[PDB]
Each structure stands twice: as C-alpha cells, then as structure tokens.
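Q: Below: one structure in structure tokens.
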Protein chains: 4
Amino acid sequence: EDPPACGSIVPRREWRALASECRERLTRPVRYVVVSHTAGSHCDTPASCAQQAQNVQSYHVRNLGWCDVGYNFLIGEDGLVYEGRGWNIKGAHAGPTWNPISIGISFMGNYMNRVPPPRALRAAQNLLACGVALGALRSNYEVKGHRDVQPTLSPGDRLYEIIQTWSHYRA
Amino acid sequence: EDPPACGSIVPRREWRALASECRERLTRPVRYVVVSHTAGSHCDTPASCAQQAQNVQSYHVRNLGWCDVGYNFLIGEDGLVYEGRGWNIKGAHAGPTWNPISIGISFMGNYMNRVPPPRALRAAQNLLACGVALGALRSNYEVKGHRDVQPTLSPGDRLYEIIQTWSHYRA
Amino acid sequence: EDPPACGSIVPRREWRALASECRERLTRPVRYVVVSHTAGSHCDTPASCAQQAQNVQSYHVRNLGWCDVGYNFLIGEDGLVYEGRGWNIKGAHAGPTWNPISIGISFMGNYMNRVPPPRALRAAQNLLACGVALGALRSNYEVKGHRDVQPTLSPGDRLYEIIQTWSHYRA
Amino acid sequence: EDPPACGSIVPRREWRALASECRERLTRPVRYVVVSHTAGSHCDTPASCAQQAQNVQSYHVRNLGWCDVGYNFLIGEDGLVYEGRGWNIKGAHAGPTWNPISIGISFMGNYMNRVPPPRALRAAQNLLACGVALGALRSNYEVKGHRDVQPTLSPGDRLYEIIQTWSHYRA
Ligand SMILES: CCCCCCCCCCC[C@@H](O)CC(=O)N[C@H]1[C@@H](OP(=O)(O)O)O[C@H](CO)[C@@H](O)[C@@H]1OC(=O)C[C@H](O)CCCCCCCCCCC
Ligand SMILES: CCCCCCCCCCCCCCCCCC(=O)O
C-alpha cells in the first residue's frame with residue numbers, strides 16, 4: 001500500500017524503476033507544464049512501453065549520471081501514464097530556468113512526422129486534472145511546448161501543433 | 001461551479017462500436033456497481049482489445065437481440081476502460097431486479113484460471129472514481145460481485161476473489 | 001402452518017415512506033431482536049407518528065445517504081407499528097456483527113426519563129408474536145438492548161430497564 | 001532525526017488500559033476524523049479522567065467482547081488527550097464504512113447541554129495538528145461529527161455546534 005490512484009498512473013515498480021536518488025522537492029502548487037518527446041523509440045503495447053520506459057531512465061541514469069529518469073511523468077502510444085519523478089521532486093527535463101517551476105511530461109517516441117493516438121493525448125490531459133486535484137498544479141496553469149522554453153525540436157512538429165490547441169496551452 | 005473531471009475511457013467510436021438503440025435511463029445517482037467477466041477471448045494490445053470490445057458487443061446485439069453491448073463499461077488487458085452503454089443508460093448485465101438500479105462493469109476474457117492484470121483493477125477502480133466525481137454514482141456506492149446478485153460463478157473465480165477487498169464492497 | 005396470523009403493522013405506503021433502495025436479506029427465522037430508540041420526539045397519533053416515521057427516514061436516507069431507514073420496525077406511542085425494512089431485509093441499526101442476524105425494532109421517542117406508554121409496549125410485544133407466528137423469528141428469540149451490543153444509551157434508562165424484564169431478554 | 005514534533009498524550013500504560021487485542025490496521029495518511037462523545041459523565045482531573053478512560057474501555061471490552069476501546073483517542077475536560085487505539089489501528093466508533101478510513105476521537109462527557117472547556121477543545125486541535133505533523137492524518141483531512149455519519153445525537157448539540165466552526169470541518 002502506497003498509491004490507491006490517481007489517473008491510473010503506473011507506479012515505479014510495474015515498469016521496473018530503479019530507485020530515484022533525487023532530493024530536490026518541487027514547490028507544489030506548480031504553475032507550468034512542459035510537454036516534450038523522448039525522441040526515443042516508440043511503443044504500442046504495455047510490454048513495449050515498460051521496456052522502453054525503463055530504457056530511458058537507464059540512459060539518464062547509467063550514462064548521464066542523473067539521480068533519476070529526467071521527466072516528471074512519461075506517456076506511451078500504448079496509452080497509459082508512466083510515473084517518473086512525480087509531482088513532488090524537481091525533474092531534469094527543461095534546463096535550469098524551468099525544471100524547478102514546471103512539471104514535465106514526455107510522450108514516448110519521435111513526433112516530427114507522426115502524431116500519437118487519442119488515448120495518449122487523453123491520458124495526458126487527465127494527468128492534468130488529477131494533479132490539479134492533488135494541488136501539484138494550479139487550477140489555472142499554463143502549458144508550454146518544450147521548444148518554447150528551450151531550443152530544441154522537442155516535442156516534434158506534429159505533437160506541437162496539437163498541444164497548441166489545448167485550452168491550458170500558452171506560448 | 002465546482003467539479004472538473006474525470007476519466008481515460010476508449011469511447012464508442014474509438015473501438016469502432018455499433019450505435020446503441022437503447023433508450024431506458026438510470027436515475028442518477030446509482031448506488032450499486034456489479035462486477036463481471038465476458039467469458040470470452042482476452043486481449044493485451046489496445047488493438048485487440050478494441051476487437052474484443054467489439055465481439056462482445058456483436059454477440060450481445062446480433063445474437064441476443066440486445067440494443068447494445070450489455071455492460072455500462074468494459075475493461076481490456078491493455079489496462080484501459082472501454083465505454084459501452086455508459087453512465088446514463090440501463091445495462092443488460094445482471095437481470096431485471098439489478099439492471100435498473102446499478103452500473104455493471106465487466107472484465108474481458110474468462111477468469112476462472114487467470115487473476116486479471118494489476119493495471120486493470122486500477123483502471124476499473126479509477127473508473128468508479130469518475131462516477132462519483134461526475135455524480136453518476138453515490139459517493140457511497142456499493143460494489144457487488146455478479147455472483148452476489150445472480151446465481152453465477154461470474155466474474156470468474158480468480159477475479160471475484162479479488163474484489164472482496166475494496167473499500168466499498170457490501171454483500 | 002396453514003391458517004395465519006398477525007398483522008398490526010402500519011405499512012410503508014400508509015405512512016408514505018420513500019422507496020426503499022435496499023437489497024440485503026436476512027436469513028429467516030431470525031434469532032435475535034435488538035431494541036433501540038430514535039432519541040427524538042415521541043408521538044401520540046397516527047398522523048404525528050406518520051411524520052415522525054417520515055423524519056427518521058429522511059435523516060437516514062437524505063442526510064446519511066442510506067438505502068432506507070435503519071430499523072425493521074419502528075414503534076410509535078400512538079400504539080401502532082411502522083413497517084421499516086420489515087422482516088426480510090437487513091436493518092442498519094447495530095453494526096455488521098448483528099445486523100445480519102437480528103431485526104431491529106426501535107421506539108420513536110426519547111426514553112431516558114420517560115416510560116413509553118403501555119400501548120407502545122403492547123404494540124411491541126404484539127409485533128414479536130406476529131414475527132414468530134410467521135417464522136420470521138425463532139420461537140425462542142433473544143431480545144437485546146441497543147447498549148448491550150453497541151456503545152450508546154439507546155434505548156434509554158427507563159426503557160432499557162423494562163426490556164430487561166422481558167421473557168425473551170438475554171444478558 | 002531530531003525534529004519536534006507532536007505529543008502531549010497520556011499513554012495506555014499510564015491510564016492503566018487493559019492490553020489491546022486488536023489486529024486490524026489503518027492506512028496512513030488517514031483523511032477523516034469523526035467527533036464523538038462518550039455521552040457519559042465528564043472528568044476534569046488527570047486522576048478521574050484516567051478513571052473514565054478505563055470505565056469506557058471496560059464497557060467496550062468486558063461488556064462487548066471488543067478487542068480494544070472503541071476510540072482512537074479520548075479527550076477529558078482535564079485538558080489532556082488519552083491514547084486509545086491510536087493512529088495506526090482501525091477503531092470502532094463509526095460503522096464499517098467510516099471505521100477503516102477514519103480517526104474517531106471521543107470527548108469524555110455528554111455535550112447535549114454542556115459545552116466542553118477551552119482546554120478540552122485545545123487539546124483536540126493540538127491532537128489533530130499532531131496527527132498531521134506525523135503523517136497519520138492528511139494535511140487536508142476532513143473532520144465530520146458522529147451525527148454526520150451515523151444515526152445518533154452524538155456528539156452533543158452544543159459541541160456539534162462548535163466543531164462545525166472548525167476549519168477542517170466538512171458536512
Ligand atoms: C463499530 C460500531 C460503531 C458504534 C457506534 C454506535 C452508533 C450506532 C447507531 C446505529 C447503528 C448503525 O450505525 C449500525 C450499522 O448498521 N452500520 C453500518 C452497516 O451495518 P451492516 O450490518 O454491515 O449492513 O450498514 C450500512 C450499509 O447499509 C453501513 O453503511 C452502516 O454505517 C456506515 O459506516 C456507512 C456510512 O455511514 C454511510 C454514509 C457515508 C458515505 C458518504 C456520505 C456522508 C457525507 C460525507 C461526504 C463523503
Ligand atoms: C473520493 C474517493 C476516495 C478515494 C477514491 C478515488 C479513486 C482513485 C482516483 C484518484 C483521483 C482522485 C484522488 C483520490 C485520492 C486517492 C489517492 C491519493 O489521495 O493519493
């Protein structure tokens with residue numbers, strides 16, 4: 001017994017998460033969400049999306065020396081939310097101006113020339129309220145595309161377009 | 001001016017469903033939630049879970065003459081909640097004493113010999129979070145096993161064995 | 001058992017109860033009878049007692065969100081009995097240990113410093129005979145005060161006192 | 001280690017409690033607190049209140065076969081808090097729906113006509129604050145009175161009135 005919710009977020013264990021070593025808390029109620037893409041391989045079943053999830057925490061951790069997988073949360077084309085660092089700690093996903101005062105969610109794959117399936121987007125907007133319900137995120141929050149806060153092609157052109165049409169999106 | 005949610009549900013159009021013809025509604029808010037299985041094939045891709053969702057609906061409609069898939073909400077082994085008749089329409093899931101006063105949710109496949117995947121209980125349990133949040137269910141909704149209200153083994157031995165734990169189970 | 005029997009209860013429809021939404025059944029014959037009080041106002045007329053019956057249900061179903069008023073029967077001081085959940089359905093009046101195995105009759109008044117009138121008693125003793133006559137209660141049924149199975153002053157010092165003299169009373 | 005944090009509760013041994021036999025746990029952090037009153041005599045000295053604590057346990061354990069005194073904590077009008085089942089152990093003060101998910105504090109007395117003193121009221125707040133600094137209560141915990149969740153006059157008009165003015169109060 002540790003989680004009885006929330007937007008049916010996969011807890012660290014089901015995807016084989018090596019224990020975070022991160023120790024900088026984020027300051028709930030955060031004001032920003034940054035959307036990004038892993039520019040990684042994509043996955044469409046919960047068995048490709050767990051393996052691919054534990055693939056990026058390991059690059060971040062085996063190779064980059066990081067305390068934990070960079071993104072606050074992760075999202076696959078299979079269509080569920082993967083717990084990363086969470087609401088509480090600070091992520092490493094948008095450089096030093098934003099990392100502290102935002103939450104980062106990353107879609108799992110490259111989105112320059114493909115978009116993700118609706119469930120993927122549905123899984124995200126959900127984490128959204130179930131995270132405002134928690135008070136991690138302000139009622140009135142601003143959403144930003146990775147490339148809006150850092151010079152990168154993240155989250156891909158096709159995934160970018162979509163998030164521009166989100167009500168909480170704000171350049 | 002207070003509620004804003006709730007859930008990640010594969011909508012009818014998304015599983016390529018046939019249109020309902022059903023017109024009887026339930027008085028909101030519903031107090032019971034009866035659980036069940038399909039005793040059909042199971043699926044672990046979203047892809048073949050939109051298929052099973054469909055076959056289940058097909059049987060129910062084309063063979064039993066029904067006005068829809070009989071269940072308010074279904075569940076796939078891809079760890080997703082599949083919409084059927086939804087929160088407002090009456091189901092054909094548990095006979096004429098219980099159908100009019102409850103919401104019936106049914107897992108897909110046959111569950112005498114497989115306890116179902118863990119995400120699923122999260123997905124389903126989270127779906128009940130919605131009903132409440134929407135005022136589809138009573139905050140104090142009561143969860144019944146199918147076997148509790150019909151003379152049945154269903155939702156499957158393994159699985160039943162599970163639901164007895166929930167925080168809202170009276171029998 | 002061919003020609004019976006009893007009948008002194010005022011039916012729901014007659015005191016204009018709201019629809020009971022309960023579905024949990026007692027196994028009959030029922031061994032134990034639990035005597036409680038409403039801890040509110042007494043009534044002395046069918047009219048008053050029809051309302052008083054009304055309020056209690058309102059408190060149980062309106063406020064507390066229940067399926068029906070708790071008791072199986074309520075005794076008014078106007079000398080008549082009020083069909084609560086009756087003989088075949090689980091009361092909610094003495095906790096999960098006793099509700100499956102008892103009917104709960106509860107006097108509608110406050111009996112800490114008042115004796116309920118002889119008619120109310122007559123009514124109550126008379127109601128039990130009825131239950132026996134029907135196989136609703138075991139012929140050797142055990143009566144118990146509310147305070148005896150639960151922490152409360154129900155059914156009152158002056159009343160508790162009386163039912164401790166009842167032929168069917170048990171420590 | 002070394003931060004604070006909480007106490008000023010009279011422990012079990014001190015008020016000479018019978019050794020508890022209760023197995024069943026609670027899951028922290030608990031969200032709900034239900035305010036009850038013992039509906040008995042009040043005590044205003046460490047001497048008598050320790051007396052009370054025991055009478056009440058006796059009632060529940062020697063007279064009802066309960067594994068432990070029903071409450072998690074009691075408050076005396078001596079201004080002290082009496083350790084009951086505590087933060088970690090499911091108590092028996094409000095039915096099988098509130099018991100597993102809440103914390104039942106009982107004021108030792110009867111506040112239908114009487115009001116509690118300042119130091120009783122302060123002890124209780126302090127005790128909830130305590131619960132929070134320890135992660136036994138949820139920082140945004142809800143307080144409910146005993147007549148909000150079960151049919152009863154507990155915890156006394158004048159005191160019900162007061163707890164409704166509490167910041168954590170929720171009808
Ligand atoms: C450990 C014993 C406590 C001792 C206290 C003494 C006071 C007793 C007064 C009358 C007794 C009555 O409470 C006993 C009872 O029958 N309780 C619950 C239950 O018994 P079952 O035998 O298991 O069917 O049957 C009911 C099911 O029909 C069940 O629900 C009842 O009590 C509950 O705990 C349920 C809650 O009270 C339901 C209301 C809360 C749900 C949310 C709405 C409230 C508003 C708050 C916002 C969320
Ligand atoms: C209101 C019912 C109480 C818990 C049932 C909610 C079902 C799980 C869905 C979670 C979304 C809303 C948050 C619920 C709180 C439980 C989880 C938590 O607080 O960490």
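The way I read the labels, and the way they are meant: chains A, B, ... in the order of the structure tokens, residue 1 as the first residue of every chain, and ligand 1 as the first ligand shown, with later ones counted on from there.
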Identify every residue of chain A that has at least one atom within 12 Å of any atom of chain D, counting only C-alpha atoms, and report the result as a list in words.
A: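 Output check: residues 1, 2, 3, 4, 133, 134 and 135 of chain A.
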Q: Please identify all polymer residues within 12 Å of residue 59 in chain A, counting only C-alpha atoms, omitting same-chain residues fewer than 3 positions from it, and present them as number ranges by chain.
A: A: 18, 38, 40, 52-56, 62-70
Q: Quick one: which chain B residues come within 10 Å of ligand 1, and what is the nearest atom pair for each with the distance in Å to one decimal, counting only C-alpha atoms and all ligand atoms, rows ordered by chain and ascending number, as a tab-separated table?
A:
residue	atom	partner	partner_atom_place_in_ligand_line	distance
B:138	CA	ligand 1	42 (C)	8.0
B:139	CA	ligand 1	42 (C)	5.6
B:140	CA	ligand 1	41 (C)	4.5
B:141	CA	ligand 1	41 (C)	8.2
B:142	CA	ligand 1	27 (C)	8.7
B:168	CA	ligand 1	30 (O)	9.1
B:169	CA	ligand 1	27 (C)	9.9
B:170	CA	ligand 1	23 (O)	7.4
B:171	CA	ligand 1	24 (O)	8.5
Q: Hey, can you spit out that residue selection with N, CA and C atoms as a PDB file, in the first residue's frame?
A:
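Written output follows (again_2.pdb):
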ATOM      1  N   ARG B 138     -23.259   7.195  -6.257  1.00  0.00           N
ATOM      2  CA  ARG B 138     -23.340   7.788  -4.987  1.00  0.00           C
ATOM      3  C   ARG B 138     -21.910   7.792  -4.403  1.00  0.00           C
ATOM      4  N   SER B 139     -21.513   8.843  -3.705  1.00  0.00           N
ATOM      5  CA  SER B 139     -20.193   8.849  -3.083  1.00  0.00           C
ATOM      6  C   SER B 139     -19.932   7.502  -2.384  1.00  0.00           C
ATOM      7  N   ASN B 140     -20.979   7.014  -1.683  1.00  0.00           N
ATOM      8  CA  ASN B 140     -21.053   5.706  -1.001  1.00  0.00           C
ATOM      9  C   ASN B 140     -21.593   4.554  -1.847  1.00  0.00           C
ATOM     10  N   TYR B 141     -21.243   4.559  -3.131  1.00  0.00           N
ATOM     11  CA  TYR B 141     -21.601   3.442  -3.999  1.00  0.00           C
ATOM     12  C   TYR B 141     -21.128   2.078  -3.431  1.00  0.00           C
ATOM     13  N   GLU B 142     -21.915   1.047  -3.680  1.00  0.00           N
ATOM     14  CA  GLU B 142     -21.629  -0.265  -3.153  1.00  0.00           C
ATOM     15  C   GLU B 142     -21.328  -1.186  -4.277  1.00  0.00           C
ATOM     16  N   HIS B 168     -15.660  -0.561  -0.456  1.00  0.00           N
ATOM     17  CA  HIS B 168     -16.966  -0.122  -0.852  1.00  0.00           C
ATOM     18  C   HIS B 168     -17.815  -1.340  -1.158  1.00  0.00           C
ATOM     19  N   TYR B 169     -17.237  -2.486  -0.928  1.00  0.00           N
ATOM     20  CA  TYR B 169     -17.867  -3.801  -1.089  1.00  0.00           C
ATOM     21  C   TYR B 169     -18.835  -4.180   0.054  1.00  0.00           C
ATOM     22  N   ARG B 170     -20.137  -4.249  -0.233  1.00  0.00           N
ATOM     23  CA  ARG B 170     -21.076  -4.876   0.690  1.00  0.00           C
ATOM     24  C   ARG B 170     -21.652  -6.041  -0.061  1.00  0.00           C
ATOM     25  N   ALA B 171     -21.912  -7.136   0.663  1.00  0.00           N
ATOM     26  CA  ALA B 171     -22.523  -8.340   0.108  1.00  0.00           C
ATOM     27  C   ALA B 171     -23.213  -9.079   1.239  1.00  0.00           C
TER      28      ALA B 171
END
Q: Neighbours of range 76-88 of chain D within 9 Å (only C-alpha atoms; same-chain residues fewer than 3 positions away dropped), as JSON, numbers by chain?
A: {"D": [8, 9, 10, 11, 12, 15, 17, 20, 22, 24, 25, 26, 27, 28, 30, 42, 43, 44, 45, 46, 48, 49, 50, 52, 53, 57, 68, 69, 70, 71, 72, 73, 91, 103, 105, 106, 107, 108, 109, 116, 117, 118, 119, 120, 121, 122, 123, 124, 127, 131, 136, 137]}
Q: Go through chain D and collect every residue that DSSP, computed from the backbone, puts in strand (DSSP E); the answer should be as a ChimeraX atom specification.
A: /D:9-10,30-37,73-75,81-83,102-107,137-145
Q: Can those selected residues be exported to a file as a PDB file, in the first residue's frame so that it contains C-alpha atoms?
A:
ATOM      1  CA  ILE D   9      -0.921  12.383  25.007  1.00  0.00           C
ATOM      2  CA  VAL D  10      -1.322  10.200  28.173  1.00  0.00           C
ATOM      3  CA  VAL D  30      -5.857   8.898   7.066  1.00  0.00           C
ATOM      4  CA  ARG D  31      -8.210  11.514   5.597  1.00  0.00           C
ATOM      5  CA  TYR D  32     -11.139  11.587   8.036  1.00  0.00           C
ATOM      6  CA  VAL D  33     -11.774  12.344  11.712  1.00  0.00           C
ATOM      7  CA  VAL D  34     -15.147  11.734  13.367  1.00  0.00           C
ATOM      8  CA  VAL D  35     -16.007  13.552  16.582  1.00  0.00           C
ATOM      9  CA  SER D  36     -17.982  11.603  19.132  1.00  0.00           C
ATOM     10  CA  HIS D  37     -18.867  11.993  22.746  1.00  0.00           C
ATOM     11  CA  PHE D  73      -8.220   8.887  21.264  1.00  0.00           C
ATOM     12  CA  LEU D  74     -10.375  10.373  24.003  1.00  0.00           C
ATOM     13  CA  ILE D  75     -10.325  13.973  25.344  1.00  0.00           C
ATOM     14  CA  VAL D  81      -5.629  13.521  25.446  1.00  0.00           C
ATOM     15  CA  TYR D  82      -5.980   9.852  26.234  1.00  0.00           C
ATOM     16  CA  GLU D  83      -4.295   7.320  23.956  1.00  0.00           C
ATOM     17  CA  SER D 102     -11.078   7.479   9.730  1.00  0.00           C
ATOM     18  CA  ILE D 103      -9.971   8.512  13.255  1.00  0.00           C
ATOM     19  CA  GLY D 104     -12.617   8.598  15.954  1.00  0.00           C
ATOM     20  CA  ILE D 105     -11.929  10.987  18.801  1.00  0.00           C
ATOM     21  CA  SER D 106     -14.253  10.974  21.699  1.00  0.00           C
ATOM     22  CA  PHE D 107     -14.765  13.740  24.155  1.00  0.00           C
ATOM     23  CA  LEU D 137      -3.595  12.469   9.199  1.00  0.00           C
ATOM     24  CA  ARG D 138      -3.669  14.003   5.686  1.00  0.00           C
ATOM     25  CA  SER D 139      -2.678  17.609   5.698  1.00  0.00           C
ATOM     26  CA  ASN D 140      -6.076  18.406   4.149  1.00  0.00           C
ATOM     27  CA  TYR D 141      -8.023  15.975   6.458  1.00  0.00           C
ATOM     28  CA  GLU D 142     -11.760  16.442   6.942  1.00  0.00           C
ATOM     29  CA  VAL D 143     -13.459  16.437  10.372  1.00  0.00           C
ATOM     30  CA  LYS D 144     -17.025  15.157  10.497  1.00  0.00           C
ATOM     31  CA  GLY D 145     -19.276  14.849  13.559  1.00  0.00           C
TER      32      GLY D 145
END
Q: Give me, as number ranges by chain, the set of residues whose atoms come within 6 Å of any atom of ligand 2, counting only C-alpha atoms and all ligand atoms.
A: A: 3-6, 130; B: 126, 129
Q: For the structure I just gave you, how does DSSP split chain D - specifically, which residues are alpha helix (DSSP H)? Reply as a VMD selection string.
A: chain D and resid 12 to 15 46 to 61 95 to 98 118 to 133 146 to 149 157 to 163
Q: Please, what distance in Å, to one decimal, runs between CA of residue 164 in chain D and CA of residue 61 in chain C?
A: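 The value is 21.4 Å.
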